[PDB]
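Visitor:
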Amino acid sequence: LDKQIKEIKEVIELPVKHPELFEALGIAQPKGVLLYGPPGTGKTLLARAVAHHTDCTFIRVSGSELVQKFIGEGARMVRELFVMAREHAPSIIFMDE
Amino acid sequence: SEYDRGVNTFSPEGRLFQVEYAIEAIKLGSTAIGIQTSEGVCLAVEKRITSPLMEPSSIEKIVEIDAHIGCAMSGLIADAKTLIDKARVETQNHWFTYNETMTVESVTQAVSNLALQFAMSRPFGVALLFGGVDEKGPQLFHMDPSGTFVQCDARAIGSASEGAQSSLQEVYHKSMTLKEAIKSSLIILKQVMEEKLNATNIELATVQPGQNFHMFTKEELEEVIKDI
Amino acid sequence: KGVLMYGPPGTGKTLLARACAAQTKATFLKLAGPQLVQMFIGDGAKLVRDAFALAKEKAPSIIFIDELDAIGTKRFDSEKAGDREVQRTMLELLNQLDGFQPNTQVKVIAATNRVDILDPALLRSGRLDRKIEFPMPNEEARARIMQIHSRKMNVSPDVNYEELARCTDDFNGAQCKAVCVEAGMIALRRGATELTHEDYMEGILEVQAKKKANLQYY
Amino acid sequence: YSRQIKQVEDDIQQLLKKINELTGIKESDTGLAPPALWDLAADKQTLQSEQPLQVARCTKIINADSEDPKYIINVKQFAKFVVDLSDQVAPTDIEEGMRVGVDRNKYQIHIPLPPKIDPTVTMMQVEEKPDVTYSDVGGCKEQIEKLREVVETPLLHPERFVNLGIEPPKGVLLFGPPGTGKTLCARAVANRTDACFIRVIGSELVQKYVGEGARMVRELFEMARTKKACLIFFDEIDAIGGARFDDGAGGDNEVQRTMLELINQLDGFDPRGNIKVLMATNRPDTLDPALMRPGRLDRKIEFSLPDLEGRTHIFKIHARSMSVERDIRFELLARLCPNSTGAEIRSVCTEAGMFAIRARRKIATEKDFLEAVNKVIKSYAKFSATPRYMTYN
Amino acid sequence: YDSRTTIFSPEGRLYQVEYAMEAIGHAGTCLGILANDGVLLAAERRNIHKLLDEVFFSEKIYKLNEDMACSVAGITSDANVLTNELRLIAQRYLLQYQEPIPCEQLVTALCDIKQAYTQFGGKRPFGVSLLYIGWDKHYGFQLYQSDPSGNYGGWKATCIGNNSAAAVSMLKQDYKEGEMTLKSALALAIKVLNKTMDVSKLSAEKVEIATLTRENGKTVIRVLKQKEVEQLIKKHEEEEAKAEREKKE
Amino acid sequence: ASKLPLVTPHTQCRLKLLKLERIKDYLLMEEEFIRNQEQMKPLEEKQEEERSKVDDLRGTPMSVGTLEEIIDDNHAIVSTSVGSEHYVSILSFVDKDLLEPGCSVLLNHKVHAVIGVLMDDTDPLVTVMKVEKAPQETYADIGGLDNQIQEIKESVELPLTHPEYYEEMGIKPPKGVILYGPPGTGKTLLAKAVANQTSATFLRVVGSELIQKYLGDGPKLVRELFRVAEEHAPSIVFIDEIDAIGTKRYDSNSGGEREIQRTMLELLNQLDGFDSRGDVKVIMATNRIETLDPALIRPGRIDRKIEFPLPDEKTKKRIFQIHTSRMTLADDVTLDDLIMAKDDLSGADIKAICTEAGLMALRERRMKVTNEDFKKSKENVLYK
Ligand SMILES: Nc1ncnc2c1ncn2[C@@H]1O[C@H](COP(=O)(O)OP(=O)(O)OP(=O)(O)O)[C@@H](O)[C@H]1O
Ligand SMILES: Nc1ncnc2c1ncn2[C@@H]1O[C@H](COP(=O)(O)OP(=O)(O)OP(=O)(O)O)[C@@H](O)[C@H]1O
Ligand SMILES: Nc1ncnc2c1ncn2[C@@H]1O[C@H](COP(=O)(O)OP(=O)(O)O)[C@@H](O)[C@H]1O
Ligand SMILES: Nc1ncnc2c1ncn2[C@@H]1O[C@H](COP(=O)(O)OP(=O)(O)O)[C@@H](O)[C@H]1O
């Protein structure tokens, strides 16, 4: 997946390790990345391996209610995740279809 | 829902509400005033101009039904066009068949007959004021989009109709001359128009027992504007 | 065993519950409709068994519930959705009134304003016996009811009540009371003694509550 | 003097900021008031909270008993048991459905028993009247008088009704055009009242669980009947119940139970008596006929759109404050907006004032009101909220 | 009993015509280029499968008459009905007038009848778009594009494909004005179908090309043979061998 | 606090010198009397030893209770954490002013009497709903529109910066404002710009998360949302994509569109609550405005409606100059060709184009963009 790993290294870690590289061009750092293809086709493991290589806290949420008690007492919205997510500022957001 | 206004649905109580909506829609138009006197019948409308680009001559409401009967216009003008055309042709074929001139009541009854007929699917957004002279003298008939035609000696229709009708109740009586009636009508029109009265701001017409349908007294009405 | 009365709500039946309360010298228990709806699970079952046990305790006694169509809603088959607490409440209600250990000591009185909501299980044949409809007050009952309610007024000897009930049709007991109370209202508005006969009719146009519309061209 | 202005005041106001702080040495509360007033009774009247009065926690009465008292007491869920409490009050204040202050070993009576209710309904009373009157509500004068003789003479002198032997009407519905109407005159009613004015908004009664709304309706009726007379306001009853239309799978039953139980509560079996209630909605055609029954809906105040005179009067009402060149043409303004609602008219005067304050003017003109009305009624004419709601469909 | 589907939008547009537009948006792909010596039209036929008989002789191409030809995209059934109507009206013109219709009069007749179809009746519009290529004595070779909305115009080279605007953009960036050069126009179509279609290697069993040219007062209309199509294709991919030679420089 | 308001003279005058001398002498007698109260009446010391005696009377732990009712005379019923409520007494120093139902109270451990009120340890969702810092550049960043900017300054910014004009107007500033138009024209950013400009507290949540998994939780959610809005400051509240609540259906909700309607009626109440609202301002933004219930849009609930048109080409070149300002561009590029490169393009489109050109230059480690970068950018960004 060599072209794919090339472009994902272009998209996520360059605006982590070298923000001045983007400041040298004056372009906004990307925030949202879409991965698509047939299921069981080099996704989730790629995301996890990138997060491990980049020393970023890999987080994923399925919307289950087991994990709900780990975020808030009711946590009726989803944005609440940020007040703990920003406590691990090298972090990456992922979830399934 | 939309099935409520399908074609013909009266009310939870009372008559058809869509013709009542035509009744409230008739107030979204320029006013008109009509006075029936023994000396003659006077009609007056507001041009309601919006800019000095278009010519006021094309801004036409009052038309000639025939040589002794005229009428105003109100509400939707294109709705009025069909009724005026039919009234003209029925008067003409009535003269053709009956070698005479008719009463205003016949024309008023005819347009009342067409008014209910549903061009279909809605009543016409127009209220007319037939005026003229016949064998029994001066005549002035009021017509509504519900079709209930009725005779009136003095009337105001359109927007601001009820305040003008109140002033008519204040000032109109039986033994008023034609000049007096015209002056009173212009006075009331002056106090109900939002803009200053100009030469082409309004329009006037009259019907006399002697003369035919008058040619709108154009460029003579500045005499009866400047004096007052 | 088991009486149910039904009909349109303006028809009047409640008053018969108060009257039969007034007439018997026995223990009388009353229930609201959804009074047996609790989210402590089976608490309504406890309420049912407790109420009927207390009813059993007083051997001369009758049990009345108003407005059973809250609980008597027909059961149904569905997935991922559907209320089921009221199924337990209705089932224990039906069973304890009829089923095992039949008993003839209390009589169930059952009010509702509609019938097709009701589950067939409760209205089956003997779980309730007498189904009675309230007819619309046809022509003389209206005059009788307004006479009853205007009994507390100093009625002038010019009234024609059957004339009123003829000109005021399709009106039930509640609006029939509304006639006399708003007649008293308009009488106090003008300021006088008790009304005359015609003074009721300007009340009735208030009662029917017609939409205001300047429709005179008739 | 001008740049030297800042040399006299500072020498004293900084000193002021020193001594005011030096006096301000009773602060940093985090759960206190000024202790010279918070602990103003920091003397022994603190110790008498300890030795004279002891805990006396809450309780719940269950059942009475013959002869000697021996009543049965619930705590909340702790234990369910039978004692005689004490003897300092006569045994006639004990009725089921009440709460005594009861100890754990001595079980002292302490105080008589008040009822327990949700704090939400206690919060739900507003105890504040908005500064709106019966004068600043114009365009609905006959609607005004129709509600005047509902919430006045029963609250005022009852000797007229007693003398004529007529029970006053109870169930009154007030309704009008959508958006302009019942709400602000309801604030006026709450302004002119004297007894309690219990608010009810219909959307809040729905709960996560089933049947709780019945419980809070019962509680609010109980706390209402604690008063001699009290006013009840209902808003948007369309959501709190339409009709019983159930088919197949259960649909909207959870609110149906609430609406039907309040219907049971309003009529039959010793009703509230001297409690005046009133409801206002947005669409009347969808309400249930059983709720529409008189005895719960006796009067039918219906507000419409004002023809001309109400429009002129509201033009008077909202526009006694803005600067104008004396003369006005408010009646022709009303003629310019035939099918226009009251809040729309106030918006027109608001935007006229905004056009006046655009560059530098202080008094709006007649053409400024024209510039208001054309960009209100016939530039925002696309939505206007009127046409599908004048049919109330 | 609830079907209006004839009224304007609350903002002014029509829901039906825009639904028709995005229905054409996911349809097949066909493109055409005008030239001074003639006109070409290239399409990819969809549902390319091994079990097709392929006995219709370029079914996506419909010879409206001996002079002017058609191509369609959208619903095949509505396309059949519409093309039959085009045959009917064109040959009614030939019956009334003993000469071929030039190009545009039949286009205007179609636009009129489809406007009447989207004016009243309360029926669904025909979600078909058509390309018209022909010859006349008045303007030589003439090309028109009829959208289902009723609007039409005289684009020199255009398409109604699933990537319509893409090929329009490459045509706009890479068109030479007034140069017939029919071989270069074929190469232009080949590279456009190369870059636009998601599939690669440009299988001649996936595409069809038709040509129209004036010859001896007859305006001969031909369909390129499979061998000719693959020869032109292979010449196209061998043409891009020198493009990837600058690399470093 | 709250000494005296006077800023009228602000000059070398006896109208300042007199005031300052009188107030400093008032502080002088205040100081002299408080010196009297702990010199010939020190008791022990009477300042913190009384506090020490209270703190001794205060129990060491907190049997925290929840308040449910009030009785005036120094006692009430409080509910314990385990649920067994008590009718304990209160303290004289229990500062009986900030007592409210449902609030935490410090009680004793032995007699559990109401010792004091407990300050709330913040709140979870007030942190989530409140935007902390200013996002980005102010009104110099938009460009092109220049008309709705003045309008929204007049309706929102002008009441705060100039709270004088309406006073001589004797008029009320407009309350409810809708932003609408085709998507991508700059509504939720115009939102960002006005968030940057303002000094008042700012609230933001999108309508999409107003759906919830039970009955009544949506209306309740709106209730304490506006409660937080009122209880902090003069505040501006921003809701984006309201139309989602009417357009996109879901299955996670217990109730269907019915509970949606209940939430709608609650928020219609909330915009025109007959209770005293105050200085809370309301800003909306929604592309699909026609699907909304029009009674939400009414005057008194919504006063302004602002259309956001597709940008003009003279505005397009302004956007080109604005966004490409900080980046290094070669002379081979031209903005004018890219102006009409798409007939229907938005302000998001040009930013996406320039960012993709930036990353494409980053592919070959190049610092300056070239024309072919945009020529390959256009089909990647727009054309799919
Ligand atoms: N008679 C009146 N005179 C002056 N203003 C009026 C009058 N009637 C209504 N209004 C205006 O109506 C506006 C609010 O209407 P109100 O909320 O009371 O109506 P409603 O029918 O209860 O609708 P909603 O509560 O849903 O907005 C206010 O701005 C008030 O000025
Ligand atoms: N006039 C404009 N100039 C530059 N960028 C613009 C313009 N209008 C919108 N944008 C872009 O739109 C994006 C979103 O901005 P904003 O939050 O204001 O919402 P929006 O443009 O209405 O679109 P969306 O609804 O898709 O979020 C931003 O990336 C911004 O660059
Ligand atoms: N390129 C790959 N090499 C090895 N294993 C793979 C590869 N792609 C997918 N898999 C297998 O597929 C499984 C899950 O697929 P993955 O792509 O990780 O997520 P998703 O199932 O969401 O596509 C993994 O357990 C992995 O073993
Ligand atoms: N003689 C009567 N016949 C019928 N109805 C009456 C009579 N007198 C009074 N009523 C009305 O009938 C009502 C009785 O309540 P009812 O409508 O039976 O209750 P529900 O609708 O809950 O079943 C009273 O409110 C009263 O207004």
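Here the protein sequences come in this chain order: R, X, U, E, V and S.
With our numbering applied, the first sequence covers -5 to 91.
With our numbering applied, the second sequence covers 19 to 246.
With our numbering applied, the third sequence covers 6 to 223.
With our numbering applied, the fourth sequence covers 6 to 398.
With our numbering applied, the fifth sequence covers 98 to 346.
With our numbering applied, the sixth sequence covers 13 to 396.
By construction, the Cβ of each residue, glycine as well, lies at the ideal position given by its N, Cα and C atoms.
Specify, as a first and last residue, the run of the alpha helix (DSSP H) that U/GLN28 falls within.
Guide: Element bounds for U/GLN28: 19 to 28.
Visitor: Does the contact criterion of 3 or more C-beta pairs under 8 Å hold for the region 85 to 97 of chain S versus the region 79 to 92 of chain E?
Guide: Segments in contact, yes.
Visitor: With the cut-off set at 8 Å, would you say U/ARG147 and U/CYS181 are in Cβ contact?
Guide: Their beta carbons are under 8 Å apart, which means U/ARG147 touches U/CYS181 by this criterion.
Visitor: Ignore the nearest five residues each way along the sequence and tell me which others in U/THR201's own chain have a CB closer than 7 Å to its CB.
Guide: Answer for U/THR201: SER161, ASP163, listed in chain order.
Visitor: Which residues in the same chain as X/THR126 place their Cβ atom closer than 8 Å to its Cβ, once the five residues preceding and following it in sequence are excluded?
Guide: Around X/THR126: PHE148, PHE159, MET161, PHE167.
Visitor: What do you get for S/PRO185, buried or exposed, if any count of 16 or more other CB atoms within 10 angstroms of its CB means buried?
Guide: Under this definition S/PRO185 is a buried residue.
Visitor: Which class does residue 3 of chain E belong to by DSSP, given the choice of helix, strand or coil?
Guide: Examination of residue 3 of chain E is not possible in this model, given that chain E is present from 6 through 398 alone.
Visitor: Rounded to whole angstroms, what is the Cα-Cα separation between E/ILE171 and E/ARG165?
Guide: Their Cα atoms are separated by approximately 9 Å.
Visitor: At the 8 Å Cβ level, is V/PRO107 part of the contact set with chain S, yes or no?
Guide: Cβ-Cβ to chain S under 8 Å: yes for V/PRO107.
Visitor: From which residue to which residue does the alpha helix (DSSP H) around S/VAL126 run?
Guide: That residue, S/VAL126, is in no alpha helix (DSSP H); its beta strand (DSSP E) goes 126 to 129.
Visitor: Between the region 133 to 148 of chain S and the region 117 to 124 of chain S, do three or more beta carbon pairs fall short of 8 Å?
Guide: Segments in contact, no.
Visitor: Is R/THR38 closer than 8 Å to R/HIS82 when the C-beta atoms are compared?
Guide: No. Outside cutoff.
Visitor: Please confirm whether residue 4 of chain E and E/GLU259 have their CB atoms less than 8 Å apart.
Guide: Any answer about residue 4 of chain E is impossible in this case: the structure gives chain E only from 6 up to 398.
Visitor: Using alpha carbons as the reference points, say which of E/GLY181, E/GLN270, E/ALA193 lies closest to E/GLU224.
Guide: Comparing Cα positions, the closest option is E/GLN270.
Visitor: Based on the DSSP secondary-structure assignment, which residues constitute the bridge partners of S/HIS87?
Guide: S/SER101.
Visitor: Closer than 8 Å by beta-carbon distance: list the chain E residues that pair up with X/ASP22, in chain order.
Guide: Simply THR396, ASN398.
Visitor: Would you identify the three-state DSSP class for S/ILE248, choosing helix, strand or coil?
Guide: In the structure shown, S/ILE248 sits in a strand (DSSP, three-state: E or B).
Visitor: DSSP on E/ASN79, reduced to helix/strand/coil?
Guide: The answer is strand: DSSP assigns E/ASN79 an E or B state.
Visitor: Residues in its own chain within less than 6 Å of E/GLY106 by CB, not counting five upstream and five downstream?
Guide: Excluding residues within five positions, the ones whose Cβ falls inside 6 Å are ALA61, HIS115, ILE116.
Visitor: Spell out whether any CB of chain X is found under 8 Å from the CB atom of E/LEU337.
Guide: Closer than 8 Å: yes.
Visitor: Could you give the distance in angstroms between the alpha-carbon of X/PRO70 and the alpha-carbon of X/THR218?
Guide: Using only the alpha carbons, I get a separation of about 11 Å.
Visitor: What's the call for E/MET284, buried or exposed, on a 16-neighbour Cβ count within 10 Å?
Guide: By the 10 Å Cβ count, E/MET284 comes out buried.
Visitor: E/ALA386 lies in the beta strand (DSSP E); which residues open and close that run?
Guide: Premise fails: E/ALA386 is in no beta strand (DSSP E) and is neither H nor E.
Visitor: Please return the same chain residues whose Cβ sits closer than 6 Å to the Cβ of V/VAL136, not counting the five positions on each side in sequence.
Guide: Excluding sequence neighbours, V/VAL136 sits near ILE230, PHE238, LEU309.
Visitor: By DSSP's criteria, V/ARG319 is part of a beta bridge. Which residues make up the other side?
Guide: In the DSSP output, where bridge partners are listed per residue, V/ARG319 has V/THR308.
Visitor: Using 8 Å as the Cβ pair cut-off and three pairs as the minimum, do the region 373 to 391 of chain S and the region 340 to 351 of chain S touch?
Guide: The region 373 to 391 of chain S is in contact with the region 340 to 351 of chain S.
Visitor: Less than 8 Å separating the beta-carbons of E/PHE239 and E/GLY207?
Guide: Going by C-beta atoms, E/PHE239 is nearer than 8 Å to E/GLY207.
Visitor: Within 10 angstroms of its Cβ, does X/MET233 collect 16 or more other Cβ (buried), or is it exposed?
Guide: With fewer than 16 other Cβ atoms within 10 Å, it is exposed.
Visitor: Closer than 7 Å to a non-hydrogen atom of ligand 2 - does that hold for the CB of S/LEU371?
Guide: The answer is no for S/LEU371.
Visitor: Could you tell me the alpha carbon to alpha carbon distance between R/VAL77 and S/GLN273, rounded to whole angstroms?
Guide: C-alpha separation (whole angstroms): 32 Å.
Visitor: Would you list, in chain order, the members of the region 284 to 303 of chain S that have their beta-carbon closer than 7 Å to a beta-carbon of chain V?
Guide: Listed by position along the chain: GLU302.
Visitor: In the DSSP assignment, find the unbroken beta strand (DSSP E) run with V/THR255 in it and report its ends.
Guide: From DSSP, the beta strand (DSSP E) with V/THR255 extends over 254 to 256.
Visitor: Quick check: what's the CA-CA separation for U/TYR222 versus X/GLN226?
Guide: Each residue's Cα considered, the two are about 31 Å apart.
Visitor: Give a yes or no on contact between the region 286 to 303 of chain V and the region 159 to 172 of chain V, applying the rule of three or more CB pairs nearer than 8 Å.
Guide: The region 286 to 303 of chain V vs the region 159 to 172 of chain V: no contact.
Visitor: With a threshold of 8 Å, are at least 3 pairs of Cβ atoms found where one atom belongs to the region 27 to 39 of chain U and the other to the region 62 to 73 of chain U?
Guide: With a cut-off of 8 Å, the region 62 to 73 of chain U and the region 27 to 39 of chain U count as touching, because enough Cβ pairs lie within range.
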